[PDB]
Amino acid sequence: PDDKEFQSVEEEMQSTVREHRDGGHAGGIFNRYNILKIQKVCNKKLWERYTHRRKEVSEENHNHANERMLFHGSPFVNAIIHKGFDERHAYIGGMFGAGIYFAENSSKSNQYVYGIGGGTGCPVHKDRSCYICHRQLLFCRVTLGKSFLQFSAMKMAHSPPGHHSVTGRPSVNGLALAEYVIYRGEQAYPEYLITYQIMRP
Ligand SMILES: Nc1ncnc2c1ncn2[C@@H]1O[C@H](C(=O)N2CCN(CC(=O)Nc3cccc4c3CNC4=O)CC2)[C@@H](O)[C@@H]1O
Ligand SMILES: [Zn+2]
């Protein structure tokens, strides 16, 4: 795998960092990361499941898959790489109900690596702002198809009728940053596994 392909992922990871409203409570205090490793995930069965669904979505969306590269933070990265994203692990909870959530800002996804609101932080030091423990984030291929634009909380079980996803747009008394929600696990492929540390400013 080319170093230039990985430089592009590294650049997306670094440039999409934003200052969070919680002052770093969930994901820690940092302006940049120390990127340790970028691995391309090659799971043929998951890739075929993804491309089969992408073709179905494109056909239902004027021959346009509306694919985006987006981040996903989770304590379950290893199960995701082996078994794929699974909506059965999603329960009504979160702004847009029982879906699989993605961010275009790496720092947003970083707030979910150790759990919701950062959980209790890293397993070894119980620190949400740990600068020592190595974190992992996924940089995913996500099929949005016809995405339903929403500003306020809308607890869905599935995509709205005629749609393939939900796009959560930033609003005054709502989201600070965008979020993208799918309700079918086969609509995302965990393309890159990023191993990194947040860096002390
Ligand atoms: N194959 C699998 N095996 C085990 N767990 C799996 C799995 N595929 C997905 N999951 C897991 O399911 C969990 C899940 O759906 N949940 C729990 C969390 N909840 C809220 C939410 O996702 N918010 C949210 C908002 C914005 C970005 C991000 C997130 C999460 N990660 C991000 O980057 C929505 C429902 C998630 O923590 C994880 O990805
Ligand atoms: Zn730690």
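Hydrogens, waters and symmetry mates play no part in the numbers below; they use all other heavy atoms, side chains included. FYI, the numbering just counts along the sequence from 1.
Judged by distance alone, with hydrogens and angles left aside, the side-chain atoms of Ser109 form a donor-acceptor pair with the main-chain N or O of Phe71 at under 3.5 Å. For the pair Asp86 (side chain) and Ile80 (backbone), a donor-acceptor distance under 3.5 Å is absent. A donor-acceptor pair is defined here as one N or O able to donate and one able to accept, closer than 3.5 Å; such a pair exists between the side chain of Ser129 and the backbone of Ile29. In this structure, the side chain of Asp127 does not engage the main chain of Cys122 through any donor-acceptor pair within 3.5 Å. For the pair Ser74 (side chain) and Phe76 (backbone), a donor-acceptor distance under 3.5 Å is present. Within the 3.5 Å criterion, the main-chain N or O of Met13 finds a donor-acceptor partner in the side chain of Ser106. Judged by distance alone, the side chain of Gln111 and the main-chain N or O of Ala26 form no donor-acceptor pair under 3.5 Å. Judged by distance alone, the side chain of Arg32 and the main-chain N or O of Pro201 form no donor-acceptor pair under 3.5 Å. At distances below 3.5 Å, at least one donor-acceptor pair connects side-chain atoms of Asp22 with backbone N or O atoms of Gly24. Remark: the backbone N or O of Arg18 is paired with a side-chain donor or acceptor of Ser107 at under 3.5 angstrom.
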Worked verdict on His158 versus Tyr183 for ring-ring contact (aromatic ring centres under 6.0 Å, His included): CA-CA 5 Å; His158 306 291; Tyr183 302 84; 7.4 Å; no
Worked check of side chain to side chain contact (heavy atoms under 4.5 Å, CB included) between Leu177 and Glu179: CA-CA 7 Å; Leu177 302 165; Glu179 68 191 45; over 6 Å; no
Residue pair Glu48, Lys44: steps toward the salt bridge (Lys or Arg N to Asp or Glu O under 4.0 Å) verdict: CA-CA 6 Å; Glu48 292 207 338; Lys44 194 172 240 79; 5.9 Å; no
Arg54 and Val57: CA distance, side-chain angles, deciding distance, side chain to side chain contact (heavy atoms under 4.5 Å, CB included) verdict: CA-CA 5 Å; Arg54 182 177 69 180; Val57 171; 5.8 Å; no
Side chain to side chain contact (heavy atoms under 4.5 Å, CB included) assessment of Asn110 paired with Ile198: CA-CA 9 Å; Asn110 176 66; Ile198 57 158; 3.8 Å; yes
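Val9 places a side-chain heavy atom less than 4.5 Å from the side chain of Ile194. The shortest distance between side-chain heavy atoms of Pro160 and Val166 falls below 4.5 Å. Residues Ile100 and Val181 have side chains not in contact (no heavy-atom distance under 4.5 Å, counting atoms from C-beta outward). Looking at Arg68 and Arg141, their side chains never come closer than 4.5 Å, going by heavy atoms from C-beta outward. For the pair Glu104 and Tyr180, the minimum side-chain heavy-atom distance is below 4.5 Å. Looking only at side-chain heavy atoms (C-beta outward), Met69 and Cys140 stay at 4.5 Å or farther from each other. A 4.5 Å side-chain heavy-atom check between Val113 and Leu137 finds at least one atom pair inside the cut-off. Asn105 is not listed as a side-chain neighbour of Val17, based on a closest heavy-atom distance of 4.5 Å or more.
With rounding to the nearest 0.5 angstrom, the CG atom of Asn61 is 9.0 Å from the OG atom of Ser165. To the nearest 0.5 angstrom, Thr51 atom OG1 is 11.0 Å from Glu56 atom CD. With values rounded to the nearest 0.5 angstrom, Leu144 atom CG is found 9.0 Å from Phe102 atom CZ. In this structure, OG1 in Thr143 is found 12.0 Å from CZ in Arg184, a value given to the nearest 0.5 Å. Rounded to the nearest 0.5 angstrom, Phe96 CZ and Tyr101 OH are separated by 7.0 Å. Rounding to the nearest 0.5 angstrom, the gap separating the SG atom in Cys130 from the CZ atom in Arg200 is 9.0 Å.
Geometric assessment of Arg128 against the ring of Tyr114 yields a negative cation-pi assignment under the 6.0 Å and 45° thresholds.
Across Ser147 and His163, no two heavy atoms sit closer than the pair C-CD2, 3.9 Å. Across every non-hydrogen atom of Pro75 and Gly115, the tightest pair is CG-N, 3.8 Å. Closest approach of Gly27 and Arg135 over heavy atoms only: O-NH1, 3.0 Å. For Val124 against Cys133, the heavy-atom pair with the smallest separation is CG2-SG, 3.1 Å. Smallest separation of non-hydrogen atoms from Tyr112 and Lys108: CD1-O, 3.5 Å.
Side-chain atoms of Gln187 and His164 include no donor-acceptor pair closer than 3.5 Å. Side-chain contact, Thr195 with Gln136: a donor N or O sits under 3.5 Å from an acceptor N or O.
Using a 4.5 Å cut-off between side-chain heavy atoms of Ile, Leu, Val, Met, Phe, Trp and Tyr, with links allowed through other members, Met199 and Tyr131 fall into different hydrophobic clusters. If you chain together hydrophobic residues whose side chains sit under 4.5 Å apart, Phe151 and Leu175 never meet in one group. One hydrophobic cluster, built from ILVMFWY side chains closer than 4.5 Å, cannot hold both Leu70 and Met95; they sit in different ones. Hydrophobic clustering (side-chain heavy atoms under 4.5 Å, transitive across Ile, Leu, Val, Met, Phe, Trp, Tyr) keeps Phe148 apart from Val142.
Residues in residues 6-47 take part in these ring-ring contact (aromatic ring centres under 6.0 Å, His included) pairs, two or more places apart or across chains: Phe30-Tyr33, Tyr33-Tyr196, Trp47-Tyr50, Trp47-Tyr189.
In this pair, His72 and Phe85 present their aromatic rings perpendicular. The plane angle is above 60°, beyond the 30 to 60° band.
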For residues 35-42, which side-chain N or O atoms pair as donor and acceptor with protein atoms under 3.5 Å away, sequence neighbours left out?
unit_1 : atom_1 : unit_2 : atom_2 : d
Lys40  : NZ     : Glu5   : OE2    : 2.8
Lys40  : NZ     : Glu191 : OE2    : 3.0
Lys40  : NZ     : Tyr192 : OH     : 3.3

